[PDB]
Amino acid sequence: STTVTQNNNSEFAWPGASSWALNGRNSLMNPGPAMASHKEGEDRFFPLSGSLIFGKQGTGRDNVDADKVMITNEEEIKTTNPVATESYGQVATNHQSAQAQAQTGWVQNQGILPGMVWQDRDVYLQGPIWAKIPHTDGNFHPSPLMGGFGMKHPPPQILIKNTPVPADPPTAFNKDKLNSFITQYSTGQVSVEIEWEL
Amino acid sequence: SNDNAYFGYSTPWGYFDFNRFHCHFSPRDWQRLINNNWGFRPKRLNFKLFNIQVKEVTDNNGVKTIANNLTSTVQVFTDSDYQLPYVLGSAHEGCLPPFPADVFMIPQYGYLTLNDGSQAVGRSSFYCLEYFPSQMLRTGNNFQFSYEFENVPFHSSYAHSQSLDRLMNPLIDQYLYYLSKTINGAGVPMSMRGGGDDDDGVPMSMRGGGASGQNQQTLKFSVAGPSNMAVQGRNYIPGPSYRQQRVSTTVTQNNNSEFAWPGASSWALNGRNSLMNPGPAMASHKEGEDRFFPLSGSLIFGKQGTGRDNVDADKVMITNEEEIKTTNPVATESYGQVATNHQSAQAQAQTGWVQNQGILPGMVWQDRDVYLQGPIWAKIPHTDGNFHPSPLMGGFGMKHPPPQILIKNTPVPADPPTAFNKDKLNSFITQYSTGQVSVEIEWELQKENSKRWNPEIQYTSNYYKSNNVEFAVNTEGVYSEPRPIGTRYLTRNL
Amino acid sequence: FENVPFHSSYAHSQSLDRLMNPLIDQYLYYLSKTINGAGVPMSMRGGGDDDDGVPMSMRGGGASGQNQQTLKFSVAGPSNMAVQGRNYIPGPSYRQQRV
Amino acid sequence: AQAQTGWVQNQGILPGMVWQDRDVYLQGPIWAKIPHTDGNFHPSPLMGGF
Amino acid sequence: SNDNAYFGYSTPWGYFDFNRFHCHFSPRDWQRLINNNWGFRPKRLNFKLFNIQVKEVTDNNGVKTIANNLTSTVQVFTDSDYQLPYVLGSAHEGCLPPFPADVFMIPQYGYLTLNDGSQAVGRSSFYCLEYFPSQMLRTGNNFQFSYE
Amino acid sequence: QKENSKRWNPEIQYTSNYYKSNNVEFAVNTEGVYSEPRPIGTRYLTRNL
Amino acid sequence: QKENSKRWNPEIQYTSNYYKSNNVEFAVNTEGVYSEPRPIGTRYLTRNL
Amino acid sequence: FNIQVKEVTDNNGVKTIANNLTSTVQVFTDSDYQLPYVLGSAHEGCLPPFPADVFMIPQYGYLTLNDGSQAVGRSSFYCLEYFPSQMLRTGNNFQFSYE
């Protein structure tokens, strides 16, 4: 909750965070599956993993207050995608009989089922555009979880570097690589023209 | 038991099976393949039967003798329309021996339909292979056919040179923030007058202490930087899982109890339980914990001359699915954690372990590796739906795999009675046949084009002196495959 | 009508877990035993003395209770179909109450 | 610790899964409109049909 | 901590990043897009580098001075075959500033391979960007390429 | 999509019941009320996996 | 001059060591010092006399 | 290619480097092996194995006949200036091919 007094009085930023494990290392489920940020009207709530959060102009790096950040709102997709801070639903967990009552359990996480429909995470003006789909044997709906367009062959990386210009070398041969360079930097213009289809 | 109940038929027919890599690749060739290509796949197949010899055995007074029966025939046909229950791609014994010199016996064909215990329901199907047109050949007749492998993706014969969680630039920060603090400060006593009085736990509201215990809660955000990679936002997440029990090679570490089946992961199909023997492709273990393996496990072959039942660990070879730890979750670990409540002023944030995780949009993964001794292909079940129908045992899945090739010696009646009898003949000349088989497969290669500076990992033999040569013959003339050999040696970026 | 797959107006004449050849073994092994044997008392002298539960280490019984653990492997055969390795598994589920 | 198992009450898709779709009836529906969304999986109408 | 362990390399090279919408759309344009279309997507890309100026800094007795070094060059190349670890699309800072008037600094290129704690396993890959053909340009030389 | 099975034994078929009855299945009443006595699937013929 | 051997068993190959280490063989230091950890011949593949 | 001839000025210890655009560099190839062949004596000062390294060009020197520290009548003296060589300012590129 944005109204702090409603939150538990304890550090749960990482302890109570959703996460996945890869070879003994844990990574926060920072963006996660595209899910509605909250139930109707409960606008003060947001997923701890959250909806992308940008910094306001001139916001610091560390331990910044809530007012100096912008938390995206994934609400428009509540029509098809389950709420992030809610259970998917309930399932039976036994065989109700003459002796036993019908029991249900909460579905905290639900993988794809045949018949599922959903929207992908929205894109923002400040948001990313594309991502490189990892070159793997398998993947499902490789739409970047951070939002945007997934591509096996995205716009190629463009690497630039100032060519090293040696200072005055010794007048006697030395096998060691030169470590004395003329201090330089370069400047210029860049042009990026993209054609978008509407 | 009910889990092992079945109903089917055994038929006199035999069948050809070459659905293992060592049927086609010498250990030398498998090395050449492994060390130099990023991927490969079958394209064409050409099969031949020739130099058929039908021999008749005579046994009079224990004195056995074998003679040629030139007029006898052998029947052969191909299940070109997949009208017979597909037996290949169930990791069955009786393939072509890996060593060219070995003479092998053709496996018998048998199949299973629907069963209700040891009974057969109305649906159950009975197939008669005689009710198929088949070529007949005496010695001096040769059979052959060609097959086209349908489009199948290249098998990834590479390991990733970077992991899913380590794909960022270690020099630059994201333009994204994360929740870093939910608590700030602590309850405060305050001050007044020169003398100092501090509130202590236990003071009642009737004694003046009306203050509640803590107001520390706050929302502090930090930039996802190089210093905290674990928190950074990512576009892709690790593949699906289905937790498997962890077993150690150093026995003393395992629980003192029988958990081979009780603590095994399994799926249920119409009241019957089947072990999740191969399971979802998952890393065999965490870094360094090499002594561990999933109870379901990574395929396990037997060493040369290993028995059938209750064999010790040293007489088996357990495959190691480690190279895929870059994208696939560990088999003996949880997928991760999920919130299980609504943390509030009264309730603390709670998490639960994800023991099994179905596909999610954004998942990426590698399929199980293939081995020299491993299967090649499998028949994708003809069903309404399926997902990533890559054979879980490893290999190439096909709707129309290499057709089954069934062979049988045509029955040669003994001398019938000189008076008519309606009963089917049950007195036959004892016969068996022999000949040669030829299997020619054309494989397509996907050569490596890496810009890696440092040398790669390569499959090599050990130079250190030894009694026998690896992948050679014994002093008894027994060929043996000393270890399993994967395909993932060369590396490639994610 | 846009291209739609044919509706499957058939039932399968064999199940996912029963697709092998009931005559041949796999070339794959499975873990069949994790326990072998039991704690052993031993022998000496003509007279026989057997360790019993309750004997303390101060009374001479320093032996721990069980060392039985072992790793025995068996071939996945026709006799044990439930354990055999398979390429394909049954479809997704979402448990429903039974009435 | 002894080996422990838990029941899988609900299982999402896994690579290697195979299945049949719900049958269709004489009284049953024929078709359905696949919702116009970014994503969907095996959009076979759960009530059966095309 | 173990969750933040990594192994990789930092290289002198910089890189261009324009993988954010405000790099291409003015707030006015984003509004026009948003309010009138049901969908959109990129088709083509055209990139240019030009008006290169290589300056040499001299610092004698704290007295700093900048002069042009006309003969100096800058190296540029495109990872057309994705042979380098792809750093873009990790929501990294150092894209083109949203405001056209802003002058920005090019981010440094660095990458991470396989790690076991703070150590590198045999698989870990080392890449040298020098081991790539790249165009060299003095002032008065212009680079450009197109992408589909 | 016609069946091309190589099954030897006869298949399950949807049939009406020969045993005598007051009304015909999938016919009209004596009131002129048409009725569908039971649901009818499509999965009678068999096929290998 | 490519190899055309009819040897059945696998050959000796030059490989890097998988075992974990501080630096990568034939890579740069943490100081930015490239180093060649060992001499590398050419005689790995075999051939009859 | 991309030759840059720089001039160093050192006034009162204060060293400074500037381009000398009009200055040239001389290059030529001993195509007829008329000079004492120095290569293939396992000498230092080759191109560094690592592409990123900037190296210093080794100085050329040679040895003829000697009798102790003295030179006999046979001993040959070579002047590299007595060879035609290309001259290039910045903006000029040299190249050749060999079989």
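### Looking at the interface of chain B and chain A
Turning to step 1, where the next piece is worked out: Contact residues are listed per partner, giving 79 residues for chain B and 74 residues for chain A.
Turning to step 2, where the next piece is worked out: Buried area between chain B and chain A, summed over both chains or domains, comes out near 6500 Å², and the portion from carbon and sulfur atoms is 56%.
Turning to step 3, where the next piece is worked out: If you sort the residues of chain B by the area they bury against chain A, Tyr 177, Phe 221 and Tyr 236 of chain B come out on top, with a joint share of 11%.
Turning to step 4, where the next piece is worked out: At the boundary of chain B with chain A, the tally comes to 4 salt bridges.
Turning to step 5, where the next piece is worked out: Here chain B and chain A share 43 residue pairs in polar contact between them.
Turning to step 6, where the next piece is worked out: A class-by-class count of the residues in the side of chain B that touches chain A yields 33 nonpolar, 34 polar and 12 charged.
Turning to step 7, where the next piece is worked out: As judged from the 2 bridges shared by strand β9 (residues 138-139) of chain A and strand β23 (residues 363-365) of chain B, these two strands associate in the antiparallel manner. Directly across from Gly 138 of chain A, in β23 of chain B, lies its bridge partner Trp 365 of chain B.

### Remarks on the packing of aromatic side chains
Turning to step 1, where the next piece is worked out: Tallying each qualifying case throughout the model produces 76 aromatic pairs over all chains.
Turning to step 2, where the next piece is worked out: Look at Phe 149 of chain A and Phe 40 of chain E: their rings are 6.1 Å apart centre to centre, the planes differ by 75°, and that puts the pair in the edge-to-face class. Here the residue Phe 149 of chain A occupies a position in strand β10 (residues 149-151), and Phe 40 of chain E occupies one in the loop between α1 (27-36) and β2 (41-60), the pair thus bridging two chains.
Turning to step 3, where the next piece is worked out: A residue is classified by how much of its surface remains accessible, and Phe 40 of chain E, at 21% relative accessible area, is partly exposed.

### So, the arrangement of the chains
Turning to step 1, where the next piece is worked out: Ranking the 18 pairs of chains in contact by number of contacts places chains A and B first.
Turning to step 2, where the next piece is worked out: Regarding chain C and chain E, which are not in contact, the minimum distance between any of their C-alpha atoms is 23 Å.
Turning to step 3, where the next piece is worked out: Without any contact between them, chain E and chain F keep their closest C-alpha atoms 39 Å apart.

### Topic: the sheet that holds strand β1 (residues 8-16) of chain E
Turning to step 1, where the next piece is worked out: Strand order in this open sheet of 5 strands is β5(E)-β1(E)-β11(A)-β4(E)-β6(E), and the pairing throughout is antiparallel. The strands lining the two open edges of the sheet, one partner per strand, are β5 (108-112) and β6 (135-137) of chain E. Across this sheet, the average inter-strand angle for adjacent strands is 40°, counted without regard to direction.
Turning to step 2, where the next piece is worked out: As paired elements, strand β11 (residues 158-162) of chain A and strand β4 (residues 74-78) of chain E share 5 bridges and run antiparallel to each other. What sits directly across from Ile 158 of chain A, in β4 of chain E, is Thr 78 of chain E.

### With respect to the interface of chain F and chain B
Turning to step 1, where the next piece is worked out: On the chain B side, the residues contacting the 11 residues of chain F number 20 residues.
Turning to step 2, where the next piece is worked out: Together chain F and chain B conceal approximately 1400 Å² of surface at their shared face, both sides included; 51% is due to carbon and sulfur atoms.
Turning to step 3, where the next piece is worked out: Area buried by chain F at its contact with chain B is led by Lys 6, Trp 8 and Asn 48 of chain F, which between them contribute 49% of it.
Turning to step 4, where the next piece is worked out: Taking the shortest distance from any N to any O, the salt bridge between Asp 384 of chain B and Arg 43 of chain F comes out at 3.4 Å.
Turning to step 5, where the next piece is worked out: Taken together, the links from chain F to chain B amount to 14 residue pairs in polar contact.
Turning to step 6, where the next piece is worked out: For the side of chain F that touches chain B, a count of residues per class yields 3 nonpolar, 4 polar and 4 charged.

Criteria and cut-off values
- Residues numbered from 1 in each chain as written, not as in the entry; some residues may be left out.
- Chains lettered and ligands numbered in written order.
- Part of a larger assembly, values for the part shown.
- Heavy atoms only, no water.
- Contact = heavy atoms within 4.5 Å.
- Buried area = accessible area lost by both parts, 1.4 Å probe.
- Salt bridge = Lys/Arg side-chain N within 4 Å of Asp/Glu carboxyl O.
- Polar contact = N/O pair within 3.5 Å; in protein donor to acceptor, adjacent residues only side chain to side chain.
- Nonpolar A, V, L, I, M, F, W, Y, C, P; charged D, E, K, R; others polar.
- Pairing = 2+ DSSP bridges.
- Helix = DSSP H or I, 4+ residues; strand = E, 2+ residues; numbered from the N terminus.
- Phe/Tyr/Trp six-rings, centres within 6.5 Å; stacked < 30°, edge-to-face > 60°.
- Buried < 20%, exposed > 50% of the residue type's maximum accessible area, 1.4 Å probe, protein only.
- Axes fitted to C-alpha atoms, helices over the stretch in contact; angles between N-to-C directions.

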